[PDB]
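The primary structure of each chain is shown beneath.
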Amino acid sequence: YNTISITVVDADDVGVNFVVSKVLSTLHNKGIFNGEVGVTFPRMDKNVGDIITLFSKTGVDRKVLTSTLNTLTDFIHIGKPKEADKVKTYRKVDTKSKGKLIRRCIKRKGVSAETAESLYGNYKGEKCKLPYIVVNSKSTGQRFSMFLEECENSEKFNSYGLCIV
Amino acid sequence: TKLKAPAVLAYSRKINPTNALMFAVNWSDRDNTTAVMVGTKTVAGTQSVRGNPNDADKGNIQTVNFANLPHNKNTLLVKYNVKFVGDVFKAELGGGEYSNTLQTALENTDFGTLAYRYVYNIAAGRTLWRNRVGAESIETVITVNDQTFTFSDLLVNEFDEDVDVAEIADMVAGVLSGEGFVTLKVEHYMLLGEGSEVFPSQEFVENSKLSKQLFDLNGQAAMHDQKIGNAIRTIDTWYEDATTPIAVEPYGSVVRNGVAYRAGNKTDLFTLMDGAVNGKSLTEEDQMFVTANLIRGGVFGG
């Protein structure tokens, strides 16, 4: 499965992962991740990294994504399309923290507010200690941190370049 | 030997930046400014502190200081003034021999290229920091006295030669060489979009009573003047470790990465300044680094 490389140039001004977040945000709103384009990072050590690799099955040409990342050309480097027999695709994992589940339980189970806090008083508090990425959102108006972990491959992809199920 | 650092010695800030006031405009008409205000929204959900078994359940009311461009105007206006102050070799604190011998030693300093890279740090747009991101159109105008000069982008690090940046740098170097002052007014224009993220300077948050108490003057979003000056003082490529200009510093160090680019390998300000005055003649680039950090100011004696 052929892949192309996107390299974030080293900048003391902006964050290296912060450019990556704006790269991933601009790759979302300008299409790209329709149903087949996936993103892997060769440098999972503690952070996301700096080099971006897109391994779409039909192939990503250089012309389409040099105009997609037109706002990022100050500190980006777009490589040539190479080939790879296997990529390390990742998946999205969410963190649940108290009121994420409190307002869900009163909607479905029909319990009271004090009843819902009683069942979840001595539970929850999930905090992932794994690499994350601060990509925000445009449908719902807030910013958040998205966690990605290494697991098995999947055929289909979502609109974030990650695998589904 | 010869003269050590005095009991007291310091130089004063010679590049004085005004704190930026950020407005919202359009590229159609660039004068119908609004106020980019900083409000608060409640954020709850950040929990699981260290050594927390049962106490990682409370909803902390954290009215964080959000900063977004308004949906009505799709162009941010970062407006600020830059004031070059001359007499960059006279030390207010300590001013004596060490300082004068410094002034006579630093006579052949190329003030033209210091002025060029000083105006380049405005023309490139390093002062926006995380605001230059997300923009394909960047506009930089220098409203120095009865002449406004427009600048597109010159790339924060890539240092070529430009004509109009140099012709501003002529009277900038004329101010910085002798005495006097010049004040050049800066407006910065970018398409970021409606509902986009504007990123002003942060502030001191210690306890878990808030998350961000960013610098806003009269409720309107602001860049810190020290951060704007930090963008100004990104001069050094005579740093012998690499080629991504660092913000000049007596040790060449940033806390953001935690490394120190000039601390130990005979490129300290203190050792090379003692060499400069005590008798060791040196090159032009590091002498220009001494001169630029003398426009920075700071303490230089112990």
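Residues numbered from 1 in each chain as written, not as in the entry; some residues may be left out. Chains lettered and ligands numbered in written order. Part of a larger assembly, values for the part shown. Heavy atoms only, no water. Residues with missing side-chain atoms left out of burial classes, pairs and counts.

K.L.:
Which residues make up the side chain of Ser 196 of chain B, and what values go with them?
P.N.:
Residue and element names in this part refer to chain B. Here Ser 196 shows up in the loop between β9 (181–191) and β10 (216–217). When its relative accessible area of 10% is taken as the criterion, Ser 196 is described as buried. What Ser 196 contacts, discounting residues up to four positions off in sequence, is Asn 68 and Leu 69. (Helix = DSSP H or I, 4+ residues; strand = E, 2+ residues; numbered from the N terminus. Buried < 20%, exposed > 50% of the residue type's maximum accessible area, 1.4 Å probe, protein only. Contact = heavy atoms within 4.5 Å.)

K.L.:
Give me the packing of helix α2 (residues 111–123) of chain B against helix α6 (residues 285–296) of chain B: which residues, what numbers.
P.N.:
Each pair of packed helices gets described by two things: the angle between the helix axes and the distance between those axes. Residue and element names in this part refer to chain B. Packing of α2 against α6 brings their axes to within 10 Å, and their N-to-C directions diverge by 55°. Overall, the two elements α2 and α6 adopt an arrangement that is oblique. Both α2 and α6 take part in a crossing whose hand is right-handed. Seen from α2, the contacting residues are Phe 111, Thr 113, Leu 114 and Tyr 118; seen from α6, they are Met 288, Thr 291, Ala 292 and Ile 295. A breakdown of the residues in the contact of α2 with α6 according to their chemical character gives 6 nonpolar, 2 polar and no charged. (Axes fitted to C-alpha atoms, helices over the stretch in contact; angles between N-to-C directions. Parallel < 35°, antiparallel > 145°, perpendicular 65-115°, else oblique. Left-handed = near helix turned anticlockwise from the far one by under 90°. Nonpolar A, V, L, I, M, F, W, Y, C, P; charged D, E, K, R; others polar.)

K.L.:
Help me get a handle on the environment of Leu 184 of chain B, residues and values and all.
P.N.:
Residue and element names in this part refer to chain B. Looking at where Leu 184 falls in the secondary structure, it is placed in strand β9. By relative accessible area, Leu 184 is classed as buried at 2%. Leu 184 sits 39 residues away from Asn 145 along the chain, and the two C-alpha atoms are 7.0 Å apart. Sequence-distant contacts of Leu 184, defined by excluding residues within four places in its chain, comprise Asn 81, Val 82, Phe 84, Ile 142, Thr 143, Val 144, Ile 168 and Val 172.

K.L.:
Any details on the layout of surface pockets? Residues and values, ideally.
P.N.:
All names here are of chain B. Taken as a whole, the second largest pocket encloses approximately 190 Å³ of empty space. Looking at the lining of the second largest pocket, the elements with two or more residues in it are β2 (15–17) and α4 (225–232). Classifying every residue of the lining of the second largest pocket by side-chain character gives 2 nonpolar, 3 polar and 4 charged. (1 Å grid on protein atoms, 1.4 Å probe; cavity = no way out; pocket = protein on both sides within 12 Å on 5 of 7 lines; lining within 4 Å. Points joined across faces, edges and corners; volume = space filled by probe spheres on them.)

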